[PDB]
2 protein chains.
Amino acid sequence: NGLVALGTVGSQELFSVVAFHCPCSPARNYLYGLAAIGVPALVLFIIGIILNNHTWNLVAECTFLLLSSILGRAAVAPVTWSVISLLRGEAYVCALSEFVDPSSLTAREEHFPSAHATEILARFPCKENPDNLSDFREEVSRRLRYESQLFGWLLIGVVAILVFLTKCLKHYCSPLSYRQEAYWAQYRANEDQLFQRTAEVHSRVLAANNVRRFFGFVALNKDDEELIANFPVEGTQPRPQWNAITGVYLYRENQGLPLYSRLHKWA
Amino acid sequence: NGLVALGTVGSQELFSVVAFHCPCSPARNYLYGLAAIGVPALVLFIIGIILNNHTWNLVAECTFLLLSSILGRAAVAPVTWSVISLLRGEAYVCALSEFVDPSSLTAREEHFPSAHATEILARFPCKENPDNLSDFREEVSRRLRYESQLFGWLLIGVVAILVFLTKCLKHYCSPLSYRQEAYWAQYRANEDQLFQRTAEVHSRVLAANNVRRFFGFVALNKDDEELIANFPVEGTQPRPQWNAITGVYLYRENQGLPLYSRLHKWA
């Protein structure tokens with residue numbers, strides 16, 4: 001579970017690492033903000049989609065309980081980046097500074113430099129402004145930062161409410177109890193780990209047999225020596241068996257005794 | 001003739017003497033300029049009208065050759081003040097600074113402080129303006145000074161042309177020659193001076209007679225002693241004679257011999 005938190009720490013570090021330079025300009029601020037805050041979010045979303053074997057299971061089968069799980073396991077990375085970027089400021093103020101109405105803002109009482117200043121307005125984040133505009137721009141700076149931080153806090157709140165609702169609904173609308181669901185999760189984890197390790201060992205001993213068949217002898221460590229001494233092997237399982245293993249498994253009950261996975265259904 | 005030049009020197013001195021303070025303000029500049037440049041002109045015009053005995057002669061009679069002469073002898077004082085005030089600057093620029101179009105003027109290229117600056121425009125002559133407006137206001141200052149000096153030079157030119165035309169017309173449309181007109185002018189001057197002095201002396205001796213009749217003797221200097229010893233007196237002329245003297249005299253000719261004044265017509 002801590003992998004997502006490590007990824008979030010890395011996301012914050014990369015935020016403070018790579019670069020940022022607000023291109024004070026009439027109409028490019030909009031696009032630059034949108035891209036520089038969304039493209040890394042999209043990349044993190046893709047990364048989250050990739051390393052979730054549920055999607056490969058699903059596409060191998062080719063449902064709403066699957067999409068919820070996968071998108072929830074994925075979207076934790078883009079959200080903790082969007083929030084960190086909003087709360088940081090200096091990325092919302094860079095994109096929504098041109099759109100400020102120069103009529104409605106109070107300061108050291110002067111109307112405004114002109115009716116020509118829309119390219120002068122959007123130049124504030126680059127801190128380049130005359131002394132009068134210097135004392136003037138703090139207002140719009142603080143206002144935009146205010147809007148950014150408010151959106152950020154509301155985003156955090158909505159994400160929290162959504163997570164709580166998701167949990168309270170998944171527990172309410174599931175056929176099992178919750179303790180048995182914990183047992184089921186432990187079983188899935190243990191089965192996956194044991195299957196991975198056994199597959200590796202079986203494959204290694206098969207390869208050793210193949211090589212020995214060629215040279216006449218195989219060179220091994222003490223460990224692999226034990227691995228061949230204990231476990232023999234003659235040939236893998238047929239393709240239909242592999243095909244039967246893979247797939248999505250919804251909880252099915254044999255008579256009186258439940259099954260917890262497709263490999264279990266292979267009893 | 002030099003009295004007008006002495007009055008002009010005094011006018012320039014009083015211009016540089018009394019005061020001037022351009023009331024930088026939206027709409028009072030107009031009125032202040034108009035008054036502070038016209039009221040002294042009107043006063044000088046009245047003064048010129050007063051000390052020209054031709055007007056008293058005329059009203060005593062109660063004609064275009066009289067009005068031309070009087071208004072010409074008068075208007076020399078207001079014109080030499082209007083011209084000195086225009087050429088001086090800092091009195092036209094004070095009144096016609098609000099009316100400058102803020103759109104049509106080129107400088108260090110900025111549009112203009114705002115569309116609120118019409119009370120900021122008319123504040124330039126008071127030299128109170130921010131640094132940007134400092135480098136900006138020189139343009140309107142020089143432009144208004146340009147307009148003032150141009151109007152001044154054109155006024156001088158028109159006055160000169162008018163004087164030349166007046167002379168060339170009065171000599172062309174007069175019954176006499178010009179040398180005899182010079183003789184006539186000398187005669188008017190001499191007659192006025194001699195009449196003034198004789199009137200004074202005759203009056204003084206009459207008063208001396210009156211006083212002596214009262215006390216029994218009159219105390220006098222040596223000069224007045226001679227004045228009574230030489231010239232006797234018994235009584236003034238009747239009122240009809242005084243009435244016959246005064247009045248306007250147009251050149252009338254007795255048979256073969258010209259008359260040059262009403263007192264001369266009293267031959």
# chains A, B, ... in the order shown; residues from 1 in each chain; ligands from 1
>>> interface_residues(of="chain B", to="chain A", cutoff="12 Å", atoms="only C-alpha atoms", output="ChimeraX atom specification")
/B:110-117,130-132
>>> write_last_selection(atoms="N, CA, C and O atoms", output="compact mmCIF listing (two decimals), in the first residue's frame")
# COMPACT_ATOMS: atom_id res chain seq x y z
N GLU B 110 3.60 56.08 -24.97
CA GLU B 110 2.55 55.51 -24.14
C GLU B 110 1.27 56.23 -24.52
O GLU B 110 1.30 57.39 -24.92
N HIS B 111 0.14 55.53 -24.40
CA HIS B 111 -1.10 56.11 -24.89
C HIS B 111 -1.44 57.40 -24.14
O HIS B 111 -1.35 58.49 -24.71
N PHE B 112 -1.80 57.29 -22.87
CA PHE B 112 -2.05 58.44 -22.01
C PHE B 112 -2.37 57.86 -20.64
O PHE B 112 -2.78 56.70 -20.55
N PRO B 113 -2.17 58.60 -19.55
CA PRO B 113 -2.43 58.03 -18.21
C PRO B 113 -3.78 57.36 -18.07
O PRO B 113 -3.86 56.30 -17.42
N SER B 114 -4.84 57.91 -18.64
CA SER B 114 -6.16 57.29 -18.58
C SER B 114 -7.10 58.06 -19.49
O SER B 114 -6.68 58.95 -20.24
N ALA B 115 -8.37 57.69 -19.44
CA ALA B 115 -9.46 58.51 -19.96
C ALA B 115 -10.11 59.34 -18.87
O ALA B 115 -11.13 60.00 -19.12
N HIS B 116 -9.55 59.33 -17.66
CA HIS B 116 -9.99 60.16 -16.55
C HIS B 116 -9.24 61.48 -16.47
O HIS B 116 -9.67 62.38 -15.73
N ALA B 117 -8.17 61.65 -17.25
CA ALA B 117 -7.27 62.78 -17.10
C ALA B 117 -7.68 63.92 -18.03
O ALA B 117 -7.16 64.09 -19.13
N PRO B 130 3.69 63.62 -12.33
CA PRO B 130 4.64 62.53 -12.10
C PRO B 130 5.69 62.43 -13.20
O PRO B 130 5.56 63.05 -14.26
N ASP B 131 6.72 61.63 -12.93
CA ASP B 131 7.90 61.58 -13.80
C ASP B 131 7.53 61.25 -15.24
O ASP B 131 8.01 61.90 -16.18
N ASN B 132 6.71 60.23 -15.45
CA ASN B 132 6.22 59.93 -16.79
C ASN B 132 5.48 61.12 -17.37
O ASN B 132 5.81 61.61 -18.46
>>> select_by_dssp(residues="stretch 98-202 of chain B", states="helix (DSSP H, G or I)", output="PyMOL selection string")
chain B and resi 121-123+131-172+179-202
>>> residues_around(residues="stretch 40-47 of chain A", least_positions_apart="6", cutoff="12 Å", atoms="only C-alpha atoms", output="PyMOL selection string")
chain A and resi 4+7-8+10-12+14-15+18+33-34+53+55+70-85
>>> closest_residue(among="A:241, A:246, A:166, A:180", to="residue A:59", atoms="only C-alpha atoms")
A:246
>>> residues_around(residues="residue B:150", least_positions_apart="5", cutoff="10 Å", atoms="only C-alpha atoms", output="ChimeraX atom specification")
/B:86-87,144-145,155
>>> residues_around(residues="residue B:266", least_positions_apart="4", cutoff="9 Å", atoms="only C-alpha atoms", output="NGL selection string")
:B and (241 or 244-245 or 261-262)
>>> write_last_selection(atoms="N, CA, C and O atoms", output="PDB file, in the first residue's frame")
ATOM      1  N   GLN B 241     -19.503 133.545 -25.988  1.00  0.00           N
ATOM      2  CA  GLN B 241     -18.180 133.474 -26.596  1.00  0.00           C
ATOM      3  C   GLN B 241     -17.516 132.136 -26.302  1.00  0.00           C
ATOM      4  O   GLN B 241     -16.999 131.474 -27.211  1.00  0.00           O
ATOM      5  N   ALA B 244     -18.980 129.611 -28.386  1.00  0.00           N
ATOM      6  CA  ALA B 244     -18.536 129.686 -29.771  1.00  0.00           C
ATOM      7  C   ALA B 244     -17.146 129.100 -29.943  1.00  0.00           C
ATOM      8  O   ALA B 244     -16.833 128.548 -31.003  1.00  0.00           O
ATOM      9  N   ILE B 245     -16.302 129.207 -28.919  1.00  0.00           N
ATOM     10  CA  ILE B 245     -14.947 128.675 -29.024  1.00  0.00           C
ATOM     11  C   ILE B 245     -14.975 127.158 -29.123  1.00  0.00           C
ATOM     12  O   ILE B 245     -14.433 126.572 -30.066  1.00  0.00           O
ATOM     13  N   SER B 261      -8.978 127.062 -37.105  1.00  0.00           N
ATOM     14  CA  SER B 261      -9.605 126.646 -35.858  1.00  0.00           C
ATOM     15  C   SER B 261     -10.793 127.546 -35.580  1.00  0.00           C
ATOM     16  O   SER B 261     -10.941 128.609 -36.186  1.00  0.00           O
ATOM     17  N   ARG B 262     -11.634 127.112 -34.640  1.00  0.00           N
ATOM     18  CA  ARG B 262     -12.828 127.886 -34.320  1.00  0.00           C
ATOM     19  C   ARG B 262     -12.465 129.241 -33.734  1.00  0.00           C
ATOM     20  O   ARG B 262     -13.080 130.258 -34.078  1.00  0.00           O
TER      21      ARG B 262
END
>>> atom_distance(atom1="atom CA of residue B:137", atom2="atom CA of residue B:23")
16.7 Å
>>> residues_around(residues="stretch 197-200 of chain B", least_positions_apart="5", cutoff="12 Å", atoms="only C-alpha atoms", output="ChimeraX atom specification")
/B:190-192,205-207,227,231,236-237
